[PDB]
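Protein chains in written order, with PDB author numbering: chain T, 754 to 1013; chain D, 877 to 1127; chain E, 1 to 326; chain F, 823 to 924.
To keep things clear, I will list the structure first and then write my remarks on it.
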Amino acid sequence: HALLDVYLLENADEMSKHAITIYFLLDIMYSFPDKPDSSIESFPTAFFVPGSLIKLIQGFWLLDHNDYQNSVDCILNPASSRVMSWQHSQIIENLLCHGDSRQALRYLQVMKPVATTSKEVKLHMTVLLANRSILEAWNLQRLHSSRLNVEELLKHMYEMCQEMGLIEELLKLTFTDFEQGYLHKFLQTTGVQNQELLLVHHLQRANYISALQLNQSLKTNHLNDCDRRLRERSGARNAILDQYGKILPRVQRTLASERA
Amino acid sequence: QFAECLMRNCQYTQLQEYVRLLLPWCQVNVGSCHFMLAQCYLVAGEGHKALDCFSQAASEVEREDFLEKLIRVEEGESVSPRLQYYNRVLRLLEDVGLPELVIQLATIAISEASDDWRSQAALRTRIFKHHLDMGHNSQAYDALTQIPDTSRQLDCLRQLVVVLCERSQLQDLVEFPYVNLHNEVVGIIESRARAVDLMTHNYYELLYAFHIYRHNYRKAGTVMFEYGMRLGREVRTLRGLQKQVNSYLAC
Amino acid sequence: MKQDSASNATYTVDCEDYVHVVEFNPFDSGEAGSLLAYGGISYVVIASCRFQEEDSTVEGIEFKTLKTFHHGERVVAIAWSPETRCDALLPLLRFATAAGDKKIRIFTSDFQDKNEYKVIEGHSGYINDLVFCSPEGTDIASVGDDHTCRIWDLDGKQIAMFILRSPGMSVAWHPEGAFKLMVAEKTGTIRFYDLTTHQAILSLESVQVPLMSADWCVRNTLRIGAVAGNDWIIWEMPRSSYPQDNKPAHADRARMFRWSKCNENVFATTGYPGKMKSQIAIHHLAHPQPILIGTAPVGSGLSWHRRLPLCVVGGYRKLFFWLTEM
Amino acid sequence: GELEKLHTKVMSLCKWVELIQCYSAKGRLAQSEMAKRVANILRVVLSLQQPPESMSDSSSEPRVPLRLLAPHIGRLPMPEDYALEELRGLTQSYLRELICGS
């Protein structure tokens, strides 16, 4: 009678209540399947619910029972009414939590979910970066980099690419001065190891003067540190910088001719 | 045979009216339906709705022996029936000719190509080529950066320098900084510069400017002095005299 | 395709996105100058453009973006209502779109940070065309792939429904008329609807099929232009139920026909999009040959300036402008 | 059986290239010519020690002995003409060395 009173409630959609009843009837059927055919299966045609929604409800059943593959198949089945953005978001987040990156990517590629919110963009780029679609991720980032969302997008990309190790791929793209400036600002205050990594990035973009300034800063910093692995790496680094700076253009040569 | 005859007799309008009457109650051959509906869309000039029709069609192709034949139009690999779908649709896209539709279809198709790295290289190569054809050279470069296959890399580098010269945007290739590659690029450019005539362009001054870009005074001076050498060997005009003067000047 | 007086764009505008749809303001602006709008895949940009044709202070073209709005599914058609305002303390905006969702969405804006949205329901088959059917526009007529012509209100309610023989490709407002609408069918049937009484008045028959794009003459009512098969056709009222004049428009599948918003003899056509770096063919009447040809690497959108004989075609991240005769 | 001797004696005499003392401009010039030639031949041999039909290691990127080479090679100057390419190779060397440092 509680299910029945749902009909007595404010009906936003008869199809919603029909889908609830159909899901309950399917649960009844799978509780004890008797006979290979039933007139209860005739309920959706009796109450005139689209086969699109029928296949959808099948997908909802399968996803609830964690048959994600069959649920995705039923959802991606064509001639199906497109589902709503909230359940897009929950579906994709659950799939990523469960680790079904390929399935979530298939969902996104077929259904083509909407994205007009920073959260939507972050979720979609998360799926794409877990599935190695770095190029399209960066492209849509550039597209939707508003004056309000750009730094959030950058921070999210930095964290997630740090987690799954796409650094050399990322280093091979066209960029902008603001992006590199924000990168430098973020990485400058984030510890020594990030200092040597961004040193590597300077050298990768051929930034030798700045690399040497960072090296001077690190050497000045390491005058009270006493870790032996750090001492090994720092002696290596001192040999490195003595090798490099003397060959570079002459400004640092004049600075070396200057007393220290 | 009904839909086959609607194709044959050019009855495209009859086609869409048929398929619209059939689809919502007929949940078989839906991929084919989306197919030839997209065919009419490209025919009339709404190939983007055509692309979405193919996007929805790619989900189920397993049945309809007619459809299965289109997996047999792309044999040798079975990474995904979606992937043979992708190869066939890209083949028709190259037969007919919307490069940007190809571009986005591929940026999507990267998902179903999980294996056979030759396919990945060829697809990003095609991305590169279309980006250049429309001048989208920045993300042409970006697409190239994921090509490790050195043979395709050499083909792309040769066609790259060719189109860069044709369009006079070499300086961008230089404005891109890199690591450990000037050996490659100098090999390519000198291979071209020695092979071609000097009066088309001073690829020597080109490389000299690169030398300036790379702070290499030794090699720069040598390049400019040797170009003065070449001019003195070749031409004997007073304009040329000023030119070798400038050459030795810069050296 | 057509090739006669081929030339580069008189004006070229460099954008940050490829051009999906782009078109001017038809009429009724609160201030001088032409507003224009282009929608791509996730963004729609409205910008006011000034030409050295109009202004002497503006040299070449001064295009200044009024707004870029974040939309969802890619916009495939945009409906202007000729009632918008550019003057006073509040610029009125009430503009509709059809996106890659088969749905229609209405947006109202004031530059005062208020913008709300009315999504307008669809029907069977995609929305082929949609236009405001009032001289200021308050109601929209849409044609789709169900052979139904459905008139909607701003609230989203069926103002009307007309049963067509074949799915309608194009629906056209008569700015010179008053609730005079055309509905075009692929079979080649042109129907004039008097939306004031919902009584269908006159019909036209085209011998070239399929029929997808047409227009009234902007400075005349007896002249009706269209593109069918591969040729452009003009009918003269009230003496035709068949082509009065028919001359080749584009050898390939010509797509769009437009009439100059200041000429009753100059019109523009587009080739079949993309492919061969599609050409805009600007034609003058009594000339099978086009009086102007312009090149756009892809054929996307065709617009006429409100009172200049200026035609704009979009392309890859660019806009191209060509000026023509009276 | 002679390639191993090549490696052993080459990497050793690298240690004593440092003690070369030039008291003339032409002496140091010949020293520079030697350095550039030894760099060239060292590149050639390090490339060809994995012969095109009898590869020694499958795909392994071994740890470079620059951890021993650098403290002695850093004791001499180098002409930026080919010091550029040498120094660049040394750059990607130090990149892996430091990403796999102590």
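For each residue, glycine too, the CB sits at the ideal point set by N, CA and C.
> Taking Cβ positions only, does residue 1091/D come closer than 7 Å to chain T?
Replying inline: yes
> Using the beta-carbon of each residue, which ones in chain E are nearer than 8 Å to residue 897/T?
Replying inline: 42 and 70
>> Quick check on residue 993/T - is its C-beta less than 7 Å from some C-beta in chain F?
In response: yes
>> I want to verify the contact list: residues of chain D whose CB lies under 8 Å from the CB of residue 910/F, in sequence order.
In response: Chain D residues near residue 910/F: 1055 and 1056.
>> Alpha carbons only, please: which of 77/E, 286/E, 272/E and 282/E is nearest the one belonging to residue 294/E?
In response: Nearest C-alpha to residue 294/E: 282/E.
> Could you give the uninterrupted runs of the beta strand (DSSP E) lying entirely in the stretch 34-118 of chain E, keeping only those of 3 residues or more?
Replying inline: 34-39, 43-51, 61-70, 75-79, 93-99 and 104-109
> In angstroms, rounded to a whole number, what distance separates the CA positions of residue 827/F and residue 833/F?
Replying inline: 10 Å
> Taking 7 Å as the CB-CB limit, is residue 1042/T close to chain D?
Replying inline: Residue 1042/T is absent from the model: chain T starts at 754 and stops at 1013.
> Do three or more CB pairs link the stretch 169-189 of chain E to the stretch 902-910 of chain D at distances below 8 Å?
Replying inline: These segments do not touch.
>> Using a Cβ-Cβ cutoff of less than 7 Å, which residues in the same chain neighbour residue 768/T once the five nearest sequence positions on both sides are dropped?
In response: 802 and 806
> Between the stretch 869-880 of chain F and chain D, which residues of the former have CB atoms less than 9 Å from a CB of the latter, in chain order?
Replying inline: none
> Looking at C-alpha atoms only, which residue of 889/F, 872/F and 888/F is the closest neighbour of residue 882/F?
Replying inline: 872/F
> Under 9 Å Cβ-Cβ, which residues of chain F neighbour residue 717/T?
Replying inline: Outside the displayed range of chain T (754 to 1013) lies residue 717/T, so it cannot be described from this structure.
> Hey, out of 999/T, 811/T, 848/T and 853/T, whose CA is closest to residue 833/T's CA?
Replying inline: Distance from the Cα of residue 833/T is smallest, within the candidate group 999/T, 811/T, 848/T and 853/T, for 811/T.
> What are the residues that DSSP puts in a beta bridge with residue 215/E?
Replying inline: In the DSSP assignment, the residues bridged to residue 215/E are 225/E.
> Using a Cβ-Cβ distance under 7 Å, would residue 1014/D count as near chain T?
Replying inline: yes
>> Please report whether the beta-carbon of residue 867/T lies at a distance below 7 Å from any beta-carbon of chain E.
In response: yes
> Thinking C-alpha only, which one of 890/F, 851/F and 823/F is nearest residue 899/F?
Replying inline: 851/F
>> Given this structure, state the Cα-to-Cα distance separating residue 251/E from residue 868/T, to the nearest angstrom.
In response: Cα-Cα distance, rounded: 40 Å.
> For residue 929/T and chain D, any beta-carbon pair shorter than 7 Å?
Replying inline: no
> Which residue's Cα is closest to the Cα of residue 270/E: 232/E, 15/E, 155/E and 178/E?
Replying inline: 232/E
> residue 900/T: which of 227/E, 70/E and 296/E sits nearest, CA to CA?
Replying inline: 70/E
> Buried or exposed: residue 908/T, going by 16 or more other Cβ atoms within 10 Å of its Cβ?
Replying inline: By the 10 Å Cβ count, residue 908/T comes out exposed.
> residue 246/E bridges to which residues according to DSSP?
Replying inline: 233/E
>> Classify residue 930/T: buried if its beta carbon has 16 or more other beta carbons within 10 angstroms, exposed otherwise.
In response: exposed
> How many whole angstroms separate the CB atoms of residue 959/D and residue 997/D, which I take to be in contact at a CB cut-off of 8 Å?
Replying inline: Not quite, the Cβ-Cβ distance comes to about 15 Å (not below 8 Å), so this is no contact.
> chain F partners of residue 953/T, CB-CB under 8 Å?
Replying inline: 917, 920 and 921
>> Assuming residue 88/E and residue 66/E are in contact, meaning their beta carbons sit under 8 Å apart, how far apart are those beta carbons, in whole angstroms?
In response: Going by Cβ atoms, the distance from residue 88/E to residue 66/E rounds to 15 Å, so no, they are not a contact pair.
> How close, in whole Å, do the beta carbons of residue 42/E and residue 896/T come, if the pair is a contact with beta carbons under 8 Å?
Replying inline: With a Cβ gap of about 7 Å, residue 42/E and residue 896/T count as contacting.
> Would the stretch 829-843 of chain F and the stretch 287-301 of chain E be scored as touching if the rule is three or more Cβ pairs under 8 Å?
Replying inline: no
> DSSP on residue 1074/D, reduced to helix/strand/coil?
Replying inline: coil
> Considering residue 312/E, what are the terminal residues of the beta strand (DSSP E) in which it resides?
Replying inline: 310-314
>> Within 10 Å of its beta-carbon, does residue 974/T have 16 or more other beta-carbons around it, so buried, or fewer, so exposed?
In response: Exposed, since its Cβ has fewer than 16 Cβ neighbours within 10 Å.
>> residue 929/D and residue 914/D - do their beta-carbons sit closer together than 7 Å?
In response: yes
> What do you get for residue 64/E, buried or exposed, if any count of 16 or more other CB atoms within 10 angstroms of its CB means buried?
Replying inline: exposed
> For residue 172/E, which three-state DSSP category applies?
Replying inline: strand
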